[PDB]
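File shown here: query_23.cif, holding mmCIF, C-alpha atoms.
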```cif
data_protein
#
loop_
_atom_site.label_atom_id
_atom_site.label_comp_id
_atom_site.auth_asym_id
_atom_site.auth_seq_id
_atom_site.Cartn_x
_atom_site.Cartn_y
_atom_site.Cartn_z
CA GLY F 4 -12.19 21.55 18.84
CA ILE F 5 -9.75 18.85 19.99
CA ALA F 6 -11.37 18.53 23.41
CA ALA F 7 -14.94 18.51 22.14
CA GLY F 8 -14.15 15.84 19.55
CA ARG F 9 -12.56 13.57 22.11
CA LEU F 10 -15.39 14.16 24.60
CA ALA F 11 -17.99 13.11 22.00
CA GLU F 12 -15.89 9.94 21.41
CA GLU F 13 -15.80 9.25 25.16
CA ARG F 14 -19.59 9.64 25.41
CA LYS F 15 -20.11 7.25 22.52
CA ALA F 16 -17.72 4.65 23.93
CA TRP F 17 -19.31 4.86 27.38
CA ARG F 18 -22.85 4.49 26.02
CA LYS F 19 -21.73 1.49 23.92
CA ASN F 20 -20.24 -0.38 26.87
CA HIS F 21 -19.57 0.61 30.46
CA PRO F 22 -19.23 -1.16 33.80
CA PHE F 23 -22.48 -2.14 35.50
CA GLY F 24 -23.80 0.35 38.02
CA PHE F 25 -21.58 3.26 36.96
CA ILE F 26 -23.04 6.53 35.67
CA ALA F 27 -21.19 9.06 33.47
CA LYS F 28 -23.15 11.64 31.55
CA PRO F 29 -22.49 15.08 30.16
CA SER F 30 -24.58 17.68 31.90
CA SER F 31 -27.23 19.77 30.25
CA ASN F 32 -27.23 23.45 29.46
CA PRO F 33 -30.41 25.36 30.49
CA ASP F 34 -32.13 24.60 27.18
CA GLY F 35 -31.35 20.87 27.19
CA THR F 36 -28.25 21.03 24.97
CA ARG F 37 -25.42 18.79 25.92
CA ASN F 38 -22.44 20.32 27.74
CA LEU F 39 -19.55 17.99 26.99
CA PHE F 40 -17.17 19.77 29.40
CA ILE F 41 -19.02 18.96 32.64
CA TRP F 42 -20.04 15.37 33.40
CA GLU F 43 -22.12 14.14 36.30
CA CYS F 44 -20.89 10.66 37.24
CA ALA F 45 -21.33 8.11 39.99
CA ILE F 46 -19.32 5.15 41.19
CA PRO F 47 -20.97 2.09 42.76
CA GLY F 48 -19.35 0.51 45.76
CA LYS F 49 -17.43 -2.67 44.91
CA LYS F 50 -19.47 -5.82 45.52
CA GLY F 51 -18.23 -7.93 48.44
CA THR F 52 -16.69 -4.88 50.16
CA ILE F 53 -17.65 -2.46 52.93
CA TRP F 54 -18.47 0.00 50.08
CA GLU F 55 -21.23 -2.21 48.60
CA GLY F 56 -24.70 -0.73 48.21
CA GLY F 57 -23.44 2.84 48.03
CA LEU F 58 -23.41 5.04 44.92
CA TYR F 59 -20.92 7.88 45.17
CA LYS F 60 -21.56 10.93 42.95
CA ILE F 61 -18.49 12.54 41.34
CA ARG F 62 -18.27 15.50 38.95
CA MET F 63 -15.74 15.78 36.11
CA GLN F 64 -14.81 19.21 34.72
CA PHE F 65 -12.79 19.28 31.49
CA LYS F 66 -10.63 22.18 30.30
CA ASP F 67 -10.30 23.29 26.68
CA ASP F 68 -6.92 21.57 26.45
CA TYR F 69 -8.23 18.12 27.40
CA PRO F 70 -6.83 15.50 26.81
CA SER F 71 -3.44 17.17 27.42
CA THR F 72 -4.83 17.84 30.90
CA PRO F 73 -7.09 15.46 32.83
CA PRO F 74 -10.52 16.52 34.07
CA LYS F 75 -10.78 17.88 37.61
CA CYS F 76 -12.62 15.15 39.54
CA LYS F 77 -14.53 15.98 42.73
CA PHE F 78 -16.86 13.86 44.86
CA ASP F 79 -20.05 15.75 45.69
CA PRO F 80 -20.85 15.44 48.43
CA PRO F 81 -17.38 14.89 49.93
CA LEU F 82 -16.65 11.30 50.98
CA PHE F 83 -15.06 9.81 54.07
CA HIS F 84 -11.93 8.05 52.71
CA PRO F 85 -8.21 8.35 53.51
CA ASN F 86 -7.30 9.65 49.99
CA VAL F 87 -10.25 12.01 49.41
CA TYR F 88 -9.61 15.58 50.49
CA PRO F 89 -12.20 17.34 52.68
CA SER F 90 -13.26 19.30 49.55
CA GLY F 91 -14.05 16.02 47.73
CA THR F 92 -11.08 16.08 45.34
CA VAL F 93 -8.95 12.92 45.14
CA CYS F 94 -5.28 12.16 45.69
CA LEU F 95 -4.52 9.88 42.72
CA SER F 96 -1.54 9.99 40.33
CA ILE F 97 -3.49 9.28 37.13
CA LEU F 98 -5.34 12.56 37.74
CA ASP F 99 -2.14 14.62 37.42
CA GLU F 100 -0.60 15.52 34.07
CA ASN F 101 2.76 15.83 35.80
CA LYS F 102 2.55 12.26 37.22
CA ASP F 103 0.66 9.36 35.58
CA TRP F 104 -2.05 10.95 33.47
CA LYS F 105 -1.67 10.36 29.77
CA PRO F 106 -4.03 11.62 27.09
CA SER F 107 -5.24 8.15 26.01
CA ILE F 108 -6.81 7.37 29.41
CA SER F 109 -10.60 7.03 29.09
CA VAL F 110 -13.45 8.19 31.32
CA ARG F 111 -14.10 4.50 32.10
CA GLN F 112 -10.48 4.02 33.20
CA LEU F 113 -10.68 7.09 35.45
CA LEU F 114 -13.86 5.93 37.18
CA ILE F 115 -12.54 2.35 37.57
CA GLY F 116 -9.28 3.77 38.97
CA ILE F 117 -11.16 5.90 41.46
CA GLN F 118 -13.33 2.91 42.48
CA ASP F 119 -10.17 0.86 43.02
CA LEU F 120 -8.85 3.61 45.30
CA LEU F 121 -12.08 3.60 47.36
CA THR F 122 -11.69 -0.15 47.83
CA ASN F 123 -7.92 0.02 48.40
CA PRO F 124 -6.61 3.13 50.15
CA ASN F 125 -3.04 4.25 49.49
CA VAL F 126 -1.34 4.71 52.85
CA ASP F 127 1.43 6.77 51.20
CA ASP F 128 -1.06 9.47 50.09
CA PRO F 129 -3.06 10.76 53.05
CA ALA F 130 -5.61 13.40 51.94
CA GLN F 131 -7.74 13.77 55.06
CA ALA F 132 -6.29 13.37 58.52
CA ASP F 133 -9.19 11.75 60.36
CA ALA F 134 -10.12 9.13 57.74
CA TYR F 135 -6.44 8.27 57.36
CA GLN F 136 -5.81 7.92 61.09
CA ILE F 137 -8.94 5.82 61.60
CA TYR F 138 -8.04 3.63 58.61
CA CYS F 139 -4.55 2.98 59.97
CA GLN F 140 -5.23 2.72 63.68
CA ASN F 141 -8.92 1.85 64.24
CA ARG F 142 -10.09 -0.39 61.38
CA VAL F 143 -13.25 -1.56 63.18
CA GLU F 144 -14.40 2.07 63.37
CA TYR F 145 -13.26 2.68 59.76
CA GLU F 146 -15.46 -0.13 58.50
CA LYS F 147 -18.46 0.97 60.62
CA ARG F 148 -18.22 4.49 59.19
CA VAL F 149 -17.84 3.27 55.59
CA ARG F 150 -20.80 0.86 55.95
CA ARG F 151 -22.94 3.73 57.36
CA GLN F 152 -21.84 5.96 54.49
CA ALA F 153 -22.91 3.27 51.97
CA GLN F 154 -26.43 3.37 53.49
CA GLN F 155 -26.45 7.20 53.60
CA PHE F 156 -25.61 7.17 49.89
CA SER F 157 -27.63 4.08 48.90
CA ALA F 158 -27.99 3.41 45.19
CA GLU F 159 -31.78 3.98 45.34
CA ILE F 160 -31.46 7.30 47.20
CA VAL F 161 -28.67 8.65 45.00
CA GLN F 162 -30.23 7.47 41.72
CA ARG F 163 -33.45 9.26 42.66
CA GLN F 164 -31.49 12.50 43.22
CA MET F 165 -29.69 12.12 39.89
CA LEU F 166 -32.99 11.54 38.04
CA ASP F 167 -34.51 14.57 39.77
CA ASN F 168 -31.72 16.90 38.59
#
```
Structure rendered as structure tokens:
Amino acid sequence: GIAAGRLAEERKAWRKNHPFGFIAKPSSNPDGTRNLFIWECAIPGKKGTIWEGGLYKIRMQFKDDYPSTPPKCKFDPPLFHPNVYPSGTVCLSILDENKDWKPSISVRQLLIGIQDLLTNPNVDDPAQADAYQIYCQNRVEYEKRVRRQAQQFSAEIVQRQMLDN
């Protein structure tokens, strides 16, 4: 299968070298077999930012026509951020085949791109009204909420959950 072949390549590349603190792993079927089409991932908050210390779990679901189509990416649980929808999906052009997705983009590039969005909101792409308004009009409150969220989803807490899965 085209998708399965590429997904095995992505797994190998990720295991060989990936950015420190990130997680990206195919899930497991009931019996322990690898399911290449659903990955459980997590993005660390960027060091030196209000996101630091947090680890933000995100699921990738691939269709059979990947890499024509990008995976569906969804933060779980949903995150407070101007460009993350209340459902946890993300407003980001590289995640849309009809905008800036192209088949060569790697899992690493997706997760780095999403991290960059966390750090640097796009004020042209509001996805949730309250986070967007607070970001634009009450930055002190924005930063308080993001710092509290980084503690709520601390690396130690979140890693323990992921190991307990």
Exercise. Residues picked by the PyMOL selection byres ((chain F and resi 11) around 12) here, as a list in words?
Worked result: residues 4, 5, 6, 7, 8, 9, 10, 12, 13, 14, 15, 16, 17, 18, 28, 29, 37, 38, 39, 40, 42, 109 and 110 of chain F
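With CA of residue 33 (chain F) on one side and CA of residue 165 (chain F) on the other, the separation reads 16.3 Å.
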For this session: One decimal, Å: what's the distance from CA of residue 107 (chain F) over to CA of residue 19 (chain F), could you say?
Result: 17.9 Å
Exercise. How many Å lie between CA of residue 52 (chain F) and CA of residue 80 (chain F), rounded to one decimal?
Worked result: 20.8 Å
Long-range neighbours of residue 48 (chain F) as a PDB file with C-alpha atoms, in the coordinates of the input, 7 Å cut-off, only C-alpha atoms, 6 positions minimum in chain:
```pdb
ATOM      1  CA  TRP F  54     -18.470   0.000  50.080  1.00  0.00           C
ATOM      2  CA  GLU F  55     -21.230  -2.210  48.600  1.00  0.00           C
ATOM      3  CA  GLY F  56     -24.700  -0.730  48.210  1.00  0.00           C
ATOM      4  CA  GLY F  57     -23.440   2.840  48.030  1.00  0.00           C
ATOM      5  CA  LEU F  58     -23.410   5.040  44.920  1.00  0.00           C
TER       6      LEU F  58
END
```
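Closest approach to residue 75 (chain F) from the set F:98, F:27, F:166, F:87 is made by F:98, with distances taken over all atoms listed in the file.
Of the listed residues (F:32, F:125, F:112, F:168), F:125 comes nearest to residue 94 (chain F); the distances count all atoms listed in the file.
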For this session: Find the residues around region 67-72 of chain F up to 7 Å (only C-alpha atoms counted), leave out those fewer than 2 positions away in its own chain, and share them as a list in words.
Result: residues 6, 65, 74, 100 and 106 of chain F
For this session: Tell me, as an MDAnalysis selection string, which residues lie within 12 Å of residue 119 (chain F), counting only C-alpha atoms; anything in the same chain fewer than 2 positions away does not count.
Result: chainID F and resid 46:50 52 54 86 95 112:117 121:125
Problem set entry | Given all atoms listed in the file as the counted atoms, nearest of F:63, F:163, F:44, F:142 to residue 24 (chain F) | F:44
Centre and edge lengths of an axis-aligned box around all listed atoms of region 47-63 of chain F, with 8 Å added on each side, are to be given in Å to one decimal, as JSON.
```
{"center_x": -20.2, "center_y": 3.9, "center_z": 44.5, "size_x": 25.0, "size_y": 39.7, "size_z": 32.8}
```
Could you please fill out region 139-157 of chain F with N, CA, C and O atoms and send it back as a short mmCIF file (atom, residue, chain, number, x, y, z; two decimals), keeping the file's coordinate frame?
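In the end it all went to out.cif:
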```cif
data_model
loop_
_atom_site.label_atom_id
_atom_site.label_comp_id
_atom_site.auth_asym_id
_atom_site.auth_seq_id
_atom_site.Cartn_x
_atom_site.Cartn_y
_atom_site.Cartn_z
N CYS F 139 -5.82 3.58 59.56
CA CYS F 139 -4.55 2.98 59.97
C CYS F 139 -4.59 2.38 61.35
O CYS F 139 -3.96 1.33 61.59
N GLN F 140 -5.33 3.01 62.25
CA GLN F 140 -5.23 2.72 63.68
C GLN F 140 -6.50 2.19 64.36
O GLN F 140 -6.42 1.64 65.45
N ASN F 141 -7.65 2.34 63.69
CA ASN F 141 -8.92 1.85 64.24
C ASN F 141 -9.81 1.30 63.12
O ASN F 141 -10.85 1.85 62.80
N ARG F 142 -9.38 0.18 62.54
CA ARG F 142 -10.09 -0.39 61.38
C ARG F 142 -11.55 -0.79 61.65
O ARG F 142 -12.39 -0.69 60.76
N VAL F 143 -11.86 -1.22 62.86
CA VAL F 143 -13.25 -1.56 63.18
C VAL F 143 -14.14 -0.33 63.01
O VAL F 143 -15.23 -0.42 62.41
N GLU F 144 -13.69 0.81 63.53
CA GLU F 144 -14.40 2.07 63.37
C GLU F 144 -14.43 2.49 61.91
O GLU F 144 -15.44 2.98 61.43
N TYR F 145 -13.30 2.36 61.22
CA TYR F 145 -13.26 2.68 59.76
C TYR F 145 -14.38 1.96 59.01
O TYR F 145 -15.14 2.58 58.26
N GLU F 146 -14.48 0.66 59.22
CA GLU F 146 -15.46 -0.13 58.50
C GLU F 146 -16.89 0.24 58.89
O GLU F 146 -17.76 0.31 58.03
N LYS F 147 -17.14 0.48 60.18
CA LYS F 147 -18.46 0.97 60.62
C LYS F 147 -18.85 2.26 59.89
O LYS F 147 -19.99 2.39 59.38
N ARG F 148 -17.92 3.20 59.81
CA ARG F 148 -18.22 4.49 59.19
C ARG F 148 -18.47 4.33 57.69
O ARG F 148 -19.36 4.97 57.13
N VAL F 149 -17.67 3.48 57.04
CA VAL F 149 -17.84 3.27 55.59
C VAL F 149 -19.17 2.55 55.32
O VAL F 149 -19.87 2.90 54.38
N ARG F 150 -19.52 1.55 56.13
CA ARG F 150 -20.80 0.86 55.95
C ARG F 150 -21.98 1.84 56.15
O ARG F 150 -22.96 1.78 55.43
N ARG F 151 -21.86 2.75 57.12
CA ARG F 151 -22.94 3.73 57.36
C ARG F 151 -23.05 4.70 56.20
O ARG F 151 -24.16 5.08 55.78
N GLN F 152 -21.89 5.11 55.68
CA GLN F 152 -21.84 5.96 54.49
C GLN F 152 -22.48 5.30 53.25
O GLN F 152 -23.11 5.97 52.44
N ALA F 153 -22.32 3.98 53.11
CA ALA F 153 -22.91 3.27 51.97
C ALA F 153 -24.44 3.27 52.07
O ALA F 153 -25.11 3.25 51.06
N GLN F 154 -24.98 3.27 53.28
CA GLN F 154 -26.43 3.37 53.49
C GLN F 154 -26.93 4.81 53.28
O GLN F 154 -28.00 5.03 52.69
N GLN F 155 -26.16 5.78 53.77
CA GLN F 155 -26.45 7.20 53.60
C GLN F 155 -26.57 7.52 52.11
O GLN F 155 -27.48 8.26 51.69
N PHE F 156 -25.63 6.98 51.34
CA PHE F 156 -25.61 7.17 49.89
C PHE F 156 -26.02 5.90 49.14
O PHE F 156 -25.36 5.48 48.20
N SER F 157 -27.14 5.30 49.55
CA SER F 157 -27.63 4.08 48.90
C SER F 157 -27.91 4.32 47.42
O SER F 157 -28.30 5.43 47.00
#
```
